[PDB]
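**Q** Encoded as structure tokens, here's the structure I'll be asking about.
Please treat every number below as a calculation from the coordinates, not as lab data. Quick reminder, even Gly has a Cβ in these numbers, built from the backbone with ideal geometry, and neighbours come from all protein chains shown.
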Amino acid sequence: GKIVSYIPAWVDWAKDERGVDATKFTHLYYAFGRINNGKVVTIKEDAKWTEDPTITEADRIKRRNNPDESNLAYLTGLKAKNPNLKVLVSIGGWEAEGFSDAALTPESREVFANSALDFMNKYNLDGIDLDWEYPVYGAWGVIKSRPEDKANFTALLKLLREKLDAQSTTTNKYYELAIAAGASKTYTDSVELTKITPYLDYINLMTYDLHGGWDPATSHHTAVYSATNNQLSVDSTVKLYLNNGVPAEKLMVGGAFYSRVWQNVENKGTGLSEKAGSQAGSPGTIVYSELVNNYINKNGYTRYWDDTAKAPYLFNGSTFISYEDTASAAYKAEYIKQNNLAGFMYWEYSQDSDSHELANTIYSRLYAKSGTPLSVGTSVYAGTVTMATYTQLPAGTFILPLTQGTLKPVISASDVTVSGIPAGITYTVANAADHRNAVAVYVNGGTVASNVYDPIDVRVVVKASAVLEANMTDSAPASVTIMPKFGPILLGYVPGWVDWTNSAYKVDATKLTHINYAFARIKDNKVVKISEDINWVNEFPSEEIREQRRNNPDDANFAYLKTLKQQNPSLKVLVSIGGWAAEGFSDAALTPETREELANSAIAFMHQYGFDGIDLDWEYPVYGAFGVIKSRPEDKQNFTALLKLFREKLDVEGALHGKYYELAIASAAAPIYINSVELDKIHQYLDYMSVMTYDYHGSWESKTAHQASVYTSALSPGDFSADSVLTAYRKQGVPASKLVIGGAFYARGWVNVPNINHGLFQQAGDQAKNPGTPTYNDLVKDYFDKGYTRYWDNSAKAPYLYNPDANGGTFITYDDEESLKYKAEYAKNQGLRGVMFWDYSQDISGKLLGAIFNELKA
């Protein structure tokens, strides 16, 4: 199943902020090469293009220096990311002149075709595509044309295939030849389809601009089916081509990442099949990204759907817009599959939304296995409604965009099951205003039956019935959050290896809600201070270190925390048992006796030193962090039993002490962790999981990336981010209100990083001179004004540093005030329990904590 993406020459692709994700298609067509004195040339050498009257001067100096060479290098560069990618040059396009002359004579055909190969070979291309629009009728006078174009097109294609084949017998590389073909009967009548088709790998059908403001009434411009007899469609065009004998296996169906517009449409019905007046004022087309930004269910435009054509359109009473969306793209991809066609071609990739929604939809739908219907998918845009008091819930609205599936323009109450809205609170569902494809759940203001001390998980199922596409199943239940009146948690790791009492830098209990004290440890299946952990105390041979570790200031720290809790009585201080390289959990978790023994010893430790709960930091079950710790496959279900039992023991303690003791874990981001821990079964025992949304990348790898980005960078599709990890957690079924997003107050980086794109996503050299983990404190002292410059990846919302001159080029990846703000903002919009960070000692300025606090609690 192929996917042809047309990519425009007139975007500077090396500069483009978002770049091209070539893992979502199979063929990249570079639009366009042009013809000039019978020869194929770069578009910058097409005077007709580089000096058009229409948008002129400021934007015409641009065109003269179009960066074609650089574009072609960047695009054929994308083979690193998709090795099976083919890149072809598309020659021609709308209004491109010179085919009729180029094809005229055996001689002019010879020089065109030789230059076509020369272009193909010069830029390392996999084939040639001819977009002659159109032979014989010349698009009715847009381009020069002659009645002999019909046979001359045949001879031209014959000659190209001969020469590509000749070259193939010598290089052993197969070369593609394709055309973009017109959808009209006039097109089929001006070319010899049966003669031509043996020369071509496939025929890209231009099944768009089928109708437009040149017609007296509105219609669909790129519809899958014909809803009336006079409306052209993908189906009517494919049937036309099959009837002329073109095999289904050589036809690609076209789609458009832009709309056709009609103005002055009579305001009747939905605007569809209505009479349209003057188009003189019309923009003609509006690209999909602009539709998303300013038109689809926005600014007075209503979204409508034609359930026969399988096509969306918009109308606001005067302007009608016909476009391609997620639902039409799915129906087109199902048409391709059901009719055995070659695939999906689209014009053109840069018109898509920033996050490549159409390109991504077409990939996902076209390589969906049949007989496995797809579930509707959700995300969250507004995930939190916050209690005003213990009983009073103000009005608010959960907003869940779909990521897979397309809501009907108006959904019904029965399309959505919401569970967990508290008793005596009414709600309704609907399509969220100002979003193209989102469920709103409006929660009526109200009074809850009993006091809300803890977050309420609200669970939203989007039924197969809510959606346009054909054979989909109900969504997984989407978690959002009713938050109790005190709002999100702000949790700090506080290291026990700092002597807090004699430190001039103190812990700010007015800004934290929670502290994890790092760490208690496990010895002989008993919980002990870190000073009794012989593996830690003697991690290093030097006695001066071991003596500092033997004298770890734990007692002093426990008195320090006791004071702090006396001064800030709503502060919760948990003891963290474990951490990096901490032993004993696999053994402790094994049997009911070993778990009993561990839980009772932990409980004893907790009471002895004045803690308000327990956090387990087992790093990590089953894989043992790749043999840093003892592990077993029984860890997976034994961790569940350990937490069940810790929770029971803590219930016993709170029932005896008239108080509530928290239980939490710190959990990792990587797929292997997620597959090692029964996340859907443990969350019930936990107040929250402190997800370590950092250490994604570092010196252990030979390429740079963001260690802690809140969003996945546009230029590293599929890469780790808080969003990607926390979404994976939610799809295991963890409620949002039991997730805590993590910030790191330390950096990772790479040395020997080349000075290309400021070191971001580059190959690095030998890492013996690597920074390791410089703290924000070290960045302030040694990096920030010392020849590193700070950059910002605005798609990832992640800062980074780069110094060309330090150890062969050094890239530093970290969290700062700005990224922490965005993590805190994600927590709030996603309905998460709150924010955590590691660790309090790493920023003595207070800025990083202040950044979180300012955003999160204000």
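**Q** Relative contact order for region 740-858 using alpha-carbon pairs under 8 Å, separation at least 6, rounded to a whole percent?
**A** Details: 214 pairs, mean separation 40.9, N = 119.
It comes to 34 percent, rounded to a whole number.
**Q** Cα axis of helix 68-77 to longest principal axis of the chain: angle in degrees, 0 to 90, nearest 10?
**A** Compared with the principal axis, the helix lies near 50 degrees.
**Q** How much of the DSSP bridge set in region 432-555 is antiparallel, in percent, rounded to the nearest 5?
**A** Working: 9 of 14 bridges.
Bridges in region 432-555 are about 65 percent antiparallel.
**Q** How long are the three semi-axes of the equivalent ellipsoid of region 740-858, in whole Å, if each is the root of 5 times an eigenvalue of the C-alpha gyration tensor, listed from largest down? All intermediate terms of the calculation are to be shown ahead of the outcome.
**A** Details: eigenvalues 148, 46, 27 Å².
For region 740-858, the semi-axes come out at 27, 15, 12 Å.
**Q** Past the 23 angstrom mark, what percentage of all C-alpha to C-alpha distances in region 129-288 do you count?
**A** Details: 5995 of 12720 pairs.
Roughly 47 percent, rounded to a whole number.
**Q** Report, please, the projected area of region 635-793 averaged over directions, based on the convex hull of its C-alpha atoms, in nm². Present the calculation step by step, with values, prior to reporting the outcome.
**A** Working: hull surface 47.6 nm².
If I average the Cα hull's projected area over directions, I get 11.9 nm².
**Q** Quick check: the distance between the Cα centres of region 522-549 and region 411-457, to the nearest angstrom?
**A** Computed from Cα coordinates, the inter-centre distance equals 52 Å.
**Q** Ranked highest first by the average count of other Cβ atoms within 10 Å around their residues, in what order do 330-336, 374-380 fall?
**A** On the way: 330-336: 23.6, 374-380: 19.7.
Going from most to least packed, we get 330-336, 374-380.
**Q** Rounded to two decimal places and with Rh computed the Kirkwood way over Cα pairs, what is Rg over Rh for region 358-417? Before the final figure, lay out each step's value.
**A** Values: Rg = 16.6 Å, Rh = 14.7 Å.
Over the Cα atoms of region 358-417, Rg/Rh equals 1.13.
**Q** Placing +1 at every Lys and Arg Cβ and -1 at every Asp and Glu Cβ, with all other atoms neutral, what dipole size does the chain have around its Cα centre, in debye to the nearest 20?
**A** Details: 80 positive and 99 negative charges, 201 e Å.
Here the chain has a charge dipole of around 960 debye.
**Q** Using the Kirkwood formula on the Cα atoms of the chain, what hydrodynamic radius do you get, in angstrom to one decimal? Mind dumping the intermediate values first?
**A** Working: mean 1/r = 0.0328 Å⁻¹.
Computed over the chain, the radius equals 30.5 Å.
**Q** Dividing the Cα convex hull volume of region 377-483 by residue count, how many Å³ per residue is that? Intermediate values should be presented prior to the final figure.
**A** Numbers: hull volume 8.8 nm³, N = 107.
Taking the convex hull of the Cα positions in region 377-483, it is 83 Å³ per residue.
**Q** Another one. In deg cm²/dmol and to the nearest 500, what is the mean residue ellipticity at 222 nm of the chain if only DSSP H runs of at least 4 residues count, each as -39500 (n - 2.57), divided by the residue total? Before the final figure, lay out each step's value.
**A** Details: 26 runs with 244 residues, N = 858.
Value at 222 nm, helices only, nearest 500: -8000 deg cm²/dmol.
**Q** Something else: What does the convex hull of the Cα atoms come to per residue for region 1-142, in Å³?
**A** Values: hull volume 17.8 nm³, N = 142.
Expressed per residue, the convex hull around the Cα atoms of region 1-142 is 126 Å³.
**Q** Turning to a different aspect of this structure: Over region 377-483, calculate the relative contact order: mean separation of alpha carbon pairs under 8 Å at least 6 apart, over the residue count, as a percent.
**A** 34
**Q** In Å and from the alpha-carbon atoms only, list the Rg and Dmax of region 488-691.
**A** Computed over the Cα atoms of region 488-691, radius of gyration and Dmax are 16.5, 47 Å.
**Q** Let me know the Rg and Dmax you get for region 503-551 when you use only its Cα atoms, in Å.
**A** Reported Rg and Dmax, both Å: 14.3, 40.
**Q** Filter the cross-link list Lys39/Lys150; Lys24/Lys79; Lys15/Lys828; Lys86/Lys250; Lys649/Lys681; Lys298/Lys463 down to pairs whose alpha-carbon distance in this structure exceeds 22 Å. Spell out each step's value before the answer.
**A** Working: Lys39/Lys150 20 Å; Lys24/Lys79 12 Å; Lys15/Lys828 33 Å; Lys86/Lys250 17 Å; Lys649/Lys681 18 Å; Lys298/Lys463 25 Å.
Those over the limit are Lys15/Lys828; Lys298/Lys463.
**Q** For region 488-691, what is the percent of antiparallel DSSP beta bridges, rounded to the nearest 5? Don't skip to the answer; put the middle values down first.
**A** Values: 4 of 27 bridges.
So the antiparallel bridges in region 488-691 amount to around 15 percent.
**Q** Using a ≥ b ≥ c from the Cα gyration tensor of region 544-589 (square roots of the eigenvalues), is it rounded, prolate or oblate, where a/c under 1.5 gives rounded and otherwise the larger of a/b and b/c decides, a/b for prolate?
**A** Numbers: a/c = 3.81, a/b = 1.36, b/c = 2.80.
Note, shape of region 544-589 comes out oblate.
**Q** Along each of the three principal axes of the Cα atoms of region 641-698, give the extent in whole Å, ordering the values from largest to smallest.
**A** On the principal axes, region 641-698 reaches 46, 19, 13 Å in Cα extent.
**Q** Output the antiparallel fraction of DSSP beta bridges having both residues in the chain, as a percent to the nearest 5.
**A** Values: 63 of 138 bridges.
In the chain, approximately 45 percent of DSSP beta bridges are antiparallel ones.
**Q** Which translational diffusion coefficient, to the nearest whole µm²/s, is obtained for region 218-367 from the Stokes-Einstein equation, given a Kirkwood hydrodynamic radius over C-alpha pairs, 10 °C and 1.306 mPa s?
**A** Answer, rounded: 101 µm²/s.
**Q** At a 10 angstrom cut-off on C-beta neighbours, averaged per residue, how do the peptides 454-460, 391-397 rank from highest to lowest? Walk me through the intermediate numbers first.
**A** Values: 454-460: 20.1, 391-397: 15.3.
Sorting 454-460, 391-397 by mean packing, highest first, produces 454-460, 391-397.
**Q** Once the other residues with Cβ under 11 Å from the Cβ of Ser233 are scored (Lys, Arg +1; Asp, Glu -1), what is the net sum? Please report the intermediate quantities before stating the final value.
**A** Values: positive: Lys239, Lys310, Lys332; negative: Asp235, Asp306.
Residues close to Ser233 contribute a combined charge of +1.
**Q** Just to check I understand the Karplus step: with θ = phi - 60° and J = 6.51 cos²θ - 1.76 cosθ + 1.60, what whole-Hz values come out for region 357-367, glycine and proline as x?
**A** Each residue of region 357-367 in turn: 3, 6, 4, 5, 4, 5, 4, 5, 6, 7, 9 Hz.
**Q** Right, another one. Can you give me the angle between helix 326-338 and the longest principal axis of the chain, using Cα atoms only, in degrees from 0 to 90, rounded to the nearest 10?
**A** Rounded to the nearest ten degrees, it is 60.
**Q** At a Cα cut-off below 13 Å, give the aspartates and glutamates reachable from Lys821, other chains included and same-chain residues fewer than 8 away excluded.
**A** By straight Cα distance, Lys821 reaches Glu855.
**Q** Turning to a different aspect of this structure: Through the Karplus equation 6.51 cos²θ - 1.76 cosθ + 1.60, θ set to phi - 60°, convert the phi angles of region 151-161 into ³J(HN,Hα) values in whole Hz; use x for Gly and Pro.
**A** Result, rounded to whole Hz: 6, 5, 5, 3, 6, 4, 5, 3, 5, 4, 4.
**Q** Show me the ranking of peptides 94-103, 404-413, 550-559 by mean Cβ neighbours inside 10 Å, starting with the highest.
**A** 94-103, 404-413, 550-559
**Q** Test of understanding: express the Cα radius of gyration of region 288-359 as a ratio to 2.2 N^0.38 Å, with N the residue count. Present the calculation step by step, with values, prior to reporting the outcome.
**A** Working: Rg = 13.3 Å, N = 72, 2.2 N^0.38 = 11.2 Å.
It is 1.19.
**Q** Can you sort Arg647, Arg632, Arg833, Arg436 from fewest to most other Cβ atoms within 10 Å of each residue's own Cβ? If you can, show how the numbers build up before the last one.
**A** Working: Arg647 19, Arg632 14, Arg833 26, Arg436 23.
Sorted ascending by nearby Cβ count, the order is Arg632, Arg647, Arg436, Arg833.
**Q** Where the centroid of each part is defined by its Cα atoms, how far is region 760-826 from region 315-372 in Å?
**A** Here the answer is 39 Å between Cα centres.
**Q** Note down the magnitude of the dipole of region 561-636 about its Cα centre, charges +1 on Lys and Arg C-beta and -1 on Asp and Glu C-beta and zero elsewhere, to the nearest 20 debye. Show your work: numbers first, answer last.
**A** Details: 7 positive and 11 negative charges, 65 e Å.
Computed about the Cα centre, the dipole is about 320 debye.
**Q** Could you compute the net charge surrounding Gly831? Neighbours are other residues with a C-beta less than 12 Å from the C-beta of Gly831; K and R count +1, D and E count -1.
**A** On the way: positive: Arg459, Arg730, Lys738, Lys828, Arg833; negative: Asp457.
Taking every other residue near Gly831 into account, the sum is +4.
**Q** Right, something else. For region 692-760, rounded, prolate or oblate, judged on the Cα gyration tensor with a ≥ b ≥ c (square roots of eigenvalues), a/c < 1.5 rounded, else prolate if a/b > b/c?
**A** Numbers: a/c = 2.97, a/b = 2.05, b/c = 1.44.
Prolate, since a/c reaches 1.5 and a/b exceeds b/c.
**Q** From the P(r) of region 158-249, could you give the percentage of C-alpha pairs in the tail past 23 Å?
**A** Working: 1526 of 4186 pairs.
Counting every Cα pair in region 158-249, those more than 23 Å apart make up 36 percent.
**Q** Find the relative contact order for the chain and round it to a whole percent, using C-alpha pairs within less than 8 Å whose residues are 6+ positions apart. Intermediate values should be presented prior to the final figure.
**A** On the way: 1922 pairs, mean separation 65.5, N = 858.
Reported as a whole number, the value is 8 percent.
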